[PDB]
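Pasted below: my_file_27.txt, compact mmCIF, N, CA, C and O atoms.
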# COMPACT_ATOMS: atom_id res chain seq x y z
N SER A 5 -25.05 -76.87 -60.19
CA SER A 5 -24.79 -76.46 -58.82
C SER A 5 -25.78 -77.14 -57.88
O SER A 5 -26.36 -76.51 -56.99
N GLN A 6 -25.98 -78.43 -58.08
CA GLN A 6 -26.94 -79.18 -57.31
C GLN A 6 -26.26 -79.94 -56.19
O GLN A 6 -25.95 -81.12 -56.31
N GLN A 7 -25.98 -79.23 -55.11
CA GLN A 7 -25.50 -79.84 -53.89
C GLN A 7 -26.40 -79.43 -52.73
O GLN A 7 -26.77 -80.24 -51.89
N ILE A 8 -26.76 -78.15 -52.73
CA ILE A 8 -27.66 -77.58 -51.72
C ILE A 8 -28.99 -78.34 -51.68
O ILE A 8 -29.66 -78.40 -50.66
N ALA A 9 -29.34 -78.92 -52.81
CA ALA A 9 -30.58 -79.65 -52.93
C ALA A 9 -30.38 -81.13 -52.64
O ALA A 9 -30.88 -81.64 -51.65
N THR A 10 -29.61 -81.78 -53.48
CA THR A 10 -29.43 -83.22 -53.43
C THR A 10 -28.73 -83.72 -52.17
O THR A 10 -29.14 -84.73 -51.61
N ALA A 11 -27.69 -83.03 -51.72
CA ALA A 11 -26.99 -83.46 -50.50
C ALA A 11 -27.92 -83.34 -49.31
O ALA A 11 -27.90 -84.16 -48.40
N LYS A 12 -28.76 -82.31 -49.34
CA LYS A 12 -29.77 -82.13 -48.31
C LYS A 12 -30.87 -83.17 -48.49
O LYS A 12 -31.27 -83.83 -47.54
N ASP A 13 -31.35 -83.29 -49.72
CA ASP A 13 -32.40 -84.24 -50.07
C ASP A 13 -32.03 -85.66 -49.65
O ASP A 13 -32.83 -86.38 -49.06
N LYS A 14 -30.81 -86.07 -49.98
CA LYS A 14 -30.28 -87.35 -49.58
C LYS A 14 -30.28 -87.46 -48.06
O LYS A 14 -30.78 -88.43 -47.50
N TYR A 15 -29.73 -86.44 -47.40
CA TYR A 15 -29.68 -86.41 -45.95
C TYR A 15 -31.09 -86.48 -45.36
O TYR A 15 -31.31 -87.10 -44.31
N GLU A 16 -32.03 -85.84 -46.02
CA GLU A 16 -33.39 -85.86 -45.60
C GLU A 16 -33.95 -87.27 -45.68
O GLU A 16 -34.80 -87.66 -44.88
N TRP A 17 -33.42 -88.07 -46.61
CA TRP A 17 -33.74 -89.48 -46.61
C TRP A 17 -33.03 -90.14 -45.47
O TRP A 17 -33.59 -90.99 -44.83
N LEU A 18 -31.78 -89.75 -45.22
CA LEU A 18 -31.02 -90.37 -44.16
C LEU A 18 -31.83 -90.32 -42.87
O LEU A 18 -31.97 -91.32 -42.16
N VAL A 19 -32.39 -89.15 -42.60
CA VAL A 19 -33.33 -88.99 -41.49
C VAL A 19 -34.51 -89.93 -41.64
O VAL A 19 -34.85 -90.63 -40.70
N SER A 20 -35.13 -89.96 -42.81
CA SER A 20 -36.31 -90.81 -43.02
C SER A 20 -35.94 -92.29 -43.01
O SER A 20 -36.79 -93.14 -42.81
N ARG A 21 -34.66 -92.59 -43.23
CA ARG A 21 -34.20 -93.93 -43.31
C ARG A 21 -33.92 -94.48 -41.91
O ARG A 21 -33.98 -95.68 -41.67
N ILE A 22 -33.63 -93.57 -41.00
CA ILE A 22 -33.40 -93.94 -39.61
C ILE A 22 -34.62 -93.58 -38.77
O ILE A 22 -35.29 -94.45 -38.20
N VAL A 23 -34.90 -92.29 -38.71
CA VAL A 23 -36.03 -91.75 -37.98
C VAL A 23 -37.34 -92.00 -38.73
O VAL A 23 -37.65 -91.32 -39.72
N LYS A 24 -38.11 -92.97 -38.26
CA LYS A 24 -39.40 -93.30 -38.86
C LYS A 24 -40.55 -92.68 -38.08
O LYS A 24 -41.28 -91.83 -38.58
N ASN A 25 -40.70 -93.12 -36.84
CA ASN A 25 -41.83 -92.73 -35.99
C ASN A 25 -41.57 -91.43 -35.20
O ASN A 25 -42.33 -91.08 -34.31
N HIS A 26 -40.48 -90.75 -35.55
CA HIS A 26 -40.03 -89.50 -34.90
C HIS A 26 -39.65 -89.68 -33.43
O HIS A 26 -39.06 -88.77 -32.84
N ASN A 27 -39.97 -90.82 -32.84
CA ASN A 27 -39.82 -91.01 -31.39
C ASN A 27 -38.35 -91.10 -31.01
O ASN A 27 -38.00 -91.21 -29.83
N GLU A 28 -37.50 -91.05 -32.02
CA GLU A 28 -36.06 -91.05 -31.85
C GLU A 28 -35.58 -89.77 -31.20
O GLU A 28 -36.35 -88.84 -30.95
N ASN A 29 -34.28 -89.71 -30.95
CA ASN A 29 -33.65 -88.52 -30.41
C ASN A 29 -32.42 -88.19 -31.25
O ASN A 29 -31.55 -89.04 -31.43
N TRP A 30 -32.37 -86.95 -31.75
CA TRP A 30 -31.35 -86.50 -32.72
C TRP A 30 -29.96 -87.07 -32.47
O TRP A 30 -29.34 -87.61 -33.38
N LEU A 31 -29.46 -86.94 -31.27
CA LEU A 31 -28.10 -87.32 -30.97
C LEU A 31 -27.88 -88.79 -31.28
O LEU A 31 -26.98 -89.15 -32.03
N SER A 32 -28.72 -89.64 -30.72
CA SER A 32 -28.68 -91.07 -31.00
C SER A 32 -28.83 -91.39 -32.50
O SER A 32 -28.20 -92.32 -33.00
N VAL A 33 -29.66 -90.63 -33.21
CA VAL A 33 -29.84 -90.89 -34.63
C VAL A 33 -28.67 -90.35 -35.44
O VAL A 33 -28.36 -90.88 -36.50
N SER A 34 -27.98 -89.34 -34.92
CA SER A 34 -26.76 -88.85 -35.56
C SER A 34 -25.59 -89.80 -35.26
O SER A 34 -24.66 -89.89 -36.05
N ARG A 35 -25.65 -90.50 -34.13
CA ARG A 35 -24.78 -91.61 -33.85
C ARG A 35 -24.84 -92.61 -34.97
O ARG A 35 -23.84 -93.01 -35.56
N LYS A 36 -26.05 -93.04 -35.19
CA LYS A 36 -26.41 -93.86 -36.34
C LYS A 36 -25.92 -93.25 -37.65
O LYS A 36 -25.01 -93.76 -38.30
N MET A 37 -26.56 -92.15 -38.00
CA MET A 37 -26.31 -91.41 -39.24
C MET A 37 -24.82 -91.11 -39.53
O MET A 37 -24.42 -91.08 -40.69
N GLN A 38 -24.02 -90.88 -38.49
CA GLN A 38 -22.62 -90.47 -38.69
C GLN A 38 -21.81 -91.55 -39.39
O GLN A 38 -20.76 -91.28 -39.97
N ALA A 39 -22.31 -92.76 -39.34
CA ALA A 39 -21.68 -93.88 -40.04
C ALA A 39 -22.04 -93.87 -41.52
O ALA A 39 -21.91 -94.88 -42.22
N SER A 40 -22.51 -92.73 -42.00
CA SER A 40 -22.90 -92.56 -43.38
C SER A 40 -22.37 -91.22 -43.91
O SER A 40 -22.61 -90.16 -43.32
N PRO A 41 -21.64 -91.28 -45.03
CA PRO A 41 -21.08 -90.10 -45.71
C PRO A 41 -22.14 -89.09 -46.03
O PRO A 41 -21.87 -87.90 -46.18
N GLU A 42 -23.34 -89.60 -46.16
CA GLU A 42 -24.51 -88.78 -46.36
C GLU A 42 -24.64 -87.71 -45.28
O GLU A 42 -24.58 -86.51 -45.56
N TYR A 43 -24.82 -88.16 -44.05
CA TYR A 43 -24.94 -87.27 -42.91
C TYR A 43 -23.70 -86.40 -42.77
O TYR A 43 -23.80 -85.20 -42.52
N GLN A 44 -22.53 -87.01 -42.96
CA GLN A 44 -21.26 -86.30 -42.87
C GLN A 44 -21.24 -85.12 -43.82
O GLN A 44 -21.10 -83.98 -43.40
N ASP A 45 -21.36 -85.44 -45.10
CA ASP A 45 -21.31 -84.44 -46.17
C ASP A 45 -22.21 -83.25 -45.87
O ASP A 45 -21.77 -82.10 -45.92
N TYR A 46 -23.46 -83.52 -45.55
CA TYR A 46 -24.42 -82.46 -45.26
C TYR A 46 -24.00 -81.65 -44.05
O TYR A 46 -24.09 -80.42 -44.05
N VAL A 47 -23.54 -82.33 -43.02
CA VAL A 47 -23.14 -81.64 -41.81
C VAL A 47 -21.84 -80.88 -42.03
O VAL A 47 -21.55 -79.89 -41.36
N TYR A 48 -21.08 -81.33 -43.01
CA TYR A 48 -19.84 -80.70 -43.41
C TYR A 48 -20.13 -79.37 -44.10
O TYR A 48 -19.54 -78.34 -43.78
N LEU A 49 -21.03 -79.43 -45.07
CA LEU A 49 -21.47 -78.24 -45.80
C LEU A 49 -22.22 -77.28 -44.89
O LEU A 49 -21.78 -76.16 -44.64
N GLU A 50 -23.35 -77.75 -44.41
CA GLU A 50 -24.27 -76.91 -43.65
C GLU A 50 -23.90 -76.82 -42.17
O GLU A 50 -23.40 -75.79 -41.71
N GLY A 51 -24.16 -77.88 -41.42
CA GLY A 51 -23.89 -77.87 -40.00
C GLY A 51 -24.66 -78.93 -39.26
O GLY A 51 -25.67 -79.43 -39.76
N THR A 52 -24.19 -79.29 -38.07
CA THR A 52 -24.80 -80.34 -37.28
C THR A 52 -26.13 -79.88 -36.66
O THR A 52 -27.07 -80.66 -36.56
N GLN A 53 -26.19 -78.62 -36.26
CA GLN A 53 -27.39 -78.09 -35.63
C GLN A 53 -28.48 -77.85 -36.66
O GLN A 53 -29.66 -77.96 -36.36
N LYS A 54 -28.07 -77.51 -37.86
CA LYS A 54 -28.97 -77.39 -38.98
C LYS A 54 -29.44 -78.76 -39.46
O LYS A 54 -30.55 -78.90 -39.94
N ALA A 55 -28.58 -79.76 -39.32
CA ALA A 55 -28.97 -81.14 -39.58
C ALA A 55 -29.90 -81.61 -38.48
O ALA A 55 -30.84 -82.36 -38.72
N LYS A 56 -29.63 -81.18 -37.25
CA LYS A 56 -30.55 -81.34 -36.15
C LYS A 56 -31.88 -80.70 -36.51
O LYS A 56 -32.91 -81.35 -36.51
N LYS A 57 -31.83 -79.41 -36.80
CA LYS A 57 -32.96 -78.66 -37.29
C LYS A 57 -33.68 -79.37 -38.43
O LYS A 57 -34.90 -79.39 -38.50
N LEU A 58 -32.90 -79.96 -39.33
CA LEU A 58 -33.43 -80.73 -40.44
C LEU A 58 -34.12 -82.00 -39.93
O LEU A 58 -35.21 -82.35 -40.38
N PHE A 59 -33.47 -82.68 -38.99
CA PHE A 59 -34.07 -83.80 -38.27
C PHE A 59 -35.40 -83.37 -37.65
O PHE A 59 -36.42 -84.01 -37.87
N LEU A 60 -35.36 -82.27 -36.91
CA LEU A 60 -36.54 -81.70 -36.25
C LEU A 60 -37.70 -81.54 -37.21
O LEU A 60 -38.83 -81.94 -36.92
N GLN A 61 -37.42 -80.90 -38.34
CA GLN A 61 -38.41 -80.72 -39.40
C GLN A 61 -39.09 -82.01 -39.76
O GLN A 61 -40.30 -82.17 -39.59
N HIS A 62 -38.30 -82.93 -40.31
CA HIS A 62 -38.80 -84.25 -40.67
C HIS A 62 -39.55 -84.87 -39.52
O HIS A 62 -40.59 -85.48 -39.72
N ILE A 63 -39.02 -84.72 -38.32
CA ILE A 63 -39.70 -85.18 -37.12
C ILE A 63 -41.11 -84.65 -37.09
O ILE A 63 -42.05 -85.41 -36.96
N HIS A 64 -41.24 -83.35 -37.29
CA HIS A 64 -42.54 -82.69 -37.25
C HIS A 64 -43.41 -83.30 -38.31
O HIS A 64 -44.59 -83.54 -38.10
N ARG A 65 -42.84 -83.50 -39.47
CA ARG A 65 -43.53 -84.07 -40.58
C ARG A 65 -44.02 -85.49 -40.30
O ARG A 65 -45.14 -85.86 -40.63
N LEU A 66 -43.14 -86.25 -39.68
CA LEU A 66 -43.47 -87.56 -39.10
C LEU A 66 -44.62 -87.43 -38.12
O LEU A 66 -45.56 -88.21 -38.12
N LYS A 67 -44.49 -86.42 -37.29
CA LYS A 67 -45.46 -86.09 -36.28
C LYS A 67 -46.81 -85.75 -36.90
O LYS A 67 -47.85 -86.27 -36.50
N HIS A 68 -46.77 -84.87 -37.88
CA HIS A 68 -47.94 -84.30 -38.48
C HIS A 68 -47.55 -83.39 -39.63
O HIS A 68 -47.18 -82.24 -39.42
N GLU A 69 -47.57 -83.91 -40.84
CA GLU A 69 -47.19 -83.12 -41.99
C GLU A 69 -48.37 -82.25 -42.44
O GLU A 69 -49.15 -82.70 -43.30
So that I can check it, write out the structure of this file as structure tokens.
Amino acid sequence: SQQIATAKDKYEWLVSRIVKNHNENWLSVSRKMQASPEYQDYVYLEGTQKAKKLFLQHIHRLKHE
């Protein structure tokens, strides 16, 4: 039952693969990300705002882990 982990984990890379310096903006990066089944799948399961929230997290981590 490894989807909650891996699909998120992968998506969490998707963020790290696009959003490096955190200076990005979610919408624009989801523009980017949406061209990837990765972002889709996760947003399909969980949600776009939670993927935003997920972006935010990583952002913070980028900012200061």
Taking all atoms of segment 9-23 of chain A that the file lists and extending 4 Å past them on each side, where is the centre of the axis-aligned box and how long are its edges? Answer in Å to one decimal, as AutoDock Vina command-line options.
--center_x -32.3 --center_y -87.3 --center_z -45.7 --size_x 18.7 --size_y 24.8 --size_z 23.5
Picked from chain A by DSSP as helix (DSSP H, G or I), as a PyMOL selection string: chain A and resi 10-22+30-37+41-49+52-68
Between A:53, A:67, A:43, A:5, which is the closest to residue 18 of chain A once you count only N, CA, C and O atoms?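 Among A:53, A:67, A:43, A:5, it is A:43 that comes nearest to residue 18 of chain A.
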Close residues, segment 25-34 of chain A itself excluded, 8 Å, only C-alpha atoms, min 5 positions apart in chain, as a ChimeraX atom specification: /A:19,43,56,59-60,62-64,66-67
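Atom CA of residue 68 of chain A sits 19.0 Å away from atom O of residue 12 of chain A.
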Tell me, in Å to one decimal, how far atom O of residue 65 of chain A is from atom O of residue 21 of chain A. 14.9 Å
Please compute the atom O of residue 58 of chain A-atom C of residue 15 of chain A distance, one decimal, in Å. 7.7 Å
With a distance cut-off of 6 Å and all atoms listed in the file, select the neighbouring residues of residue 11 of chain A, excluding the residue or stretch itself and same-chain residues fewer than 4 positions from it, and output the selection as a PyMOL selection string. chain A and resi 6-7+15-16+42+46
Can you write segment 31-58 of chain A from the block above with N, CA and C atoms, as a compact mmCIF listing (two decimals), in the first residue's frame?
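Contents of result-v2.txt, as written:
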# COMPACT_ATOMS: atom_id res chain seq x y z
N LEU A 31 2.22 28.61 -8.20
CA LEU A 31 1.40 28.54 -9.39
C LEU A 31 2.26 28.32 -10.63
N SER A 32 3.24 29.18 -10.81
CA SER A 32 4.20 29.04 -11.90
C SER A 32 4.93 27.69 -11.88
N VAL A 33 5.25 27.17 -10.70
CA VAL A 33 5.94 25.90 -10.62
C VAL A 33 4.99 24.74 -10.86
N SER A 34 3.70 24.93 -10.57
CA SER A 34 2.69 23.93 -10.89
C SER A 34 2.37 23.97 -12.39
N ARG A 35 2.54 25.13 -13.02
CA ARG A 35 2.53 25.26 -14.45
C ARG A 35 3.53 24.30 -15.06
N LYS A 36 4.74 24.48 -14.60
CA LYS A 36 5.84 23.57 -14.88
C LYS A 36 5.47 22.12 -14.57
N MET A 37 5.33 21.87 -13.28
CA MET A 37 5.03 20.54 -12.73
C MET A 37 3.85 19.81 -13.40
N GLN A 38 2.83 20.54 -13.85
CA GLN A 38 1.62 19.91 -14.40
C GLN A 38 1.91 19.11 -15.65
N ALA A 39 3.03 19.42 -16.28
CA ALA A 39 3.49 18.69 -17.45
C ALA A 39 4.16 17.37 -17.05
N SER A 40 3.91 16.95 -15.82
CA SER A 40 4.47 15.73 -15.29
C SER A 40 3.39 14.94 -14.54
N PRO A 41 3.21 13.66 -14.92
CA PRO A 41 2.26 12.74 -14.29
C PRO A 41 2.47 12.64 -12.81
N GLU A 42 3.69 12.92 -12.43
CA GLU A 42 4.08 12.99 -11.04
C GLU A 42 3.19 13.95 -10.26
N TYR A 43 3.26 15.22 -10.63
CA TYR A 43 2.46 16.25 -10.00
C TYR A 43 0.97 15.94 -10.13
N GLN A 44 0.58 15.48 -11.31
CA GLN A 44 -0.82 15.13 -11.57
C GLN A 44 -1.31 14.11 -10.58
N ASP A 45 -0.67 12.95 -10.60
CA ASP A 45 -1.03 11.82 -9.75
C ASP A 45 -1.22 12.25 -8.30
N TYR A 46 -0.23 12.95 -7.75
CA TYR A 46 -0.30 13.40 -6.36
C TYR A 46 -1.46 14.35 -6.15
N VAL A 47 -1.65 15.26 -7.07
CA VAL A 47 -2.71 16.23 -6.94
C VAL A 47 -4.07 15.57 -7.15
N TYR A 48 -4.06 14.47 -7.86
CA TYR A 48 -5.24 13.67 -8.11
C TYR A 48 -5.67 12.96 -6.83
N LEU A 49 -4.71 12.31 -6.20
CA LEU A 49 -4.95 11.62 -4.93
C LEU A 49 -5.27 12.61 -3.82
N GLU A 50 -4.29 13.44 -3.52
CA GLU A 50 -4.38 14.35 -2.38
C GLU A 50 -5.12 15.64 -2.71
N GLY A 51 -4.47 16.53 -3.44
CA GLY A 51 -5.08 17.81 -3.77
C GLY A 51 -4.05 18.84 -4.18
N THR A 52 -4.50 19.87 -4.88
CA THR A 52 -3.61 20.90 -5.40
C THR A 52 -3.13 21.83 -4.28
N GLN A 53 -3.99 22.11 -3.31
CA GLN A 53 -3.64 23.00 -2.22
C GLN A 53 -2.72 22.31 -1.24
N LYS A 54 -2.89 21.02 -1.10
CA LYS A 54 -2.00 20.19 -0.31
C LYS A 54 -0.66 20.01 -1.01
N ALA A 55 -0.69 19.99 -2.34
CA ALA A 55 0.54 19.98 -3.12
C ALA A 55 1.20 21.35 -3.02
N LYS A 56 0.38 22.40 -3.00
CA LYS A 56 0.84 23.73 -2.67
C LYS A 56 1.50 23.71 -1.30
N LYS A 57 0.73 23.29 -0.30
CA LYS A 57 1.20 23.08 1.04
C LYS A 57 2.49 22.26 1.07
N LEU A 58 2.56 21.24 0.23
CA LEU A 58 3.74 20.41 0.10
C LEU A 58 4.90 21.22 -0.50
